[PDB]
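In the UniProt record's numbering, the protein residues as written are 685 to 766. Heads up, the beta-carbon is just placed ideally off N, CA and C, and yes, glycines get one too. A quick write-up on the structure given underneath.
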């Protein structure tokens, strides 16, 4: 269990991206980081599309897969700017 987990499994890419964009903006405002985006592994559709979005989000310092024991490539860690 972690704080700041975003549960995105079962969403469309468009809905997932919108939830993530909002969550990041909220986190920057509240000075919260890191975020754990739990999109699941699956076919990698949500991880790849979310990452493509993350490149473009000005609130994000960096992002990467979680460690293998903390969800691995089924979770994207988002480090939010201060």
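query                                                                                     : result
Where residue 702 falls: helix, strand or coil (DSSP)                                     : helix
Nearest-angstrom Cα separation, counted from residue 688 out to residue 750               : 14 Å
Selection from 733, 723, 754, 744 that minimises the alpha carbon distance to residue 712 : 744
Residue 732, enclosing alpha helix (DSSP H) - first and last residue                      : 729-740
Proximity below 8 Å, CB of residue 759 to CB of residue 734                               : no
Strand pairing of residue 763, partner residues [DSSP]                                    : 746
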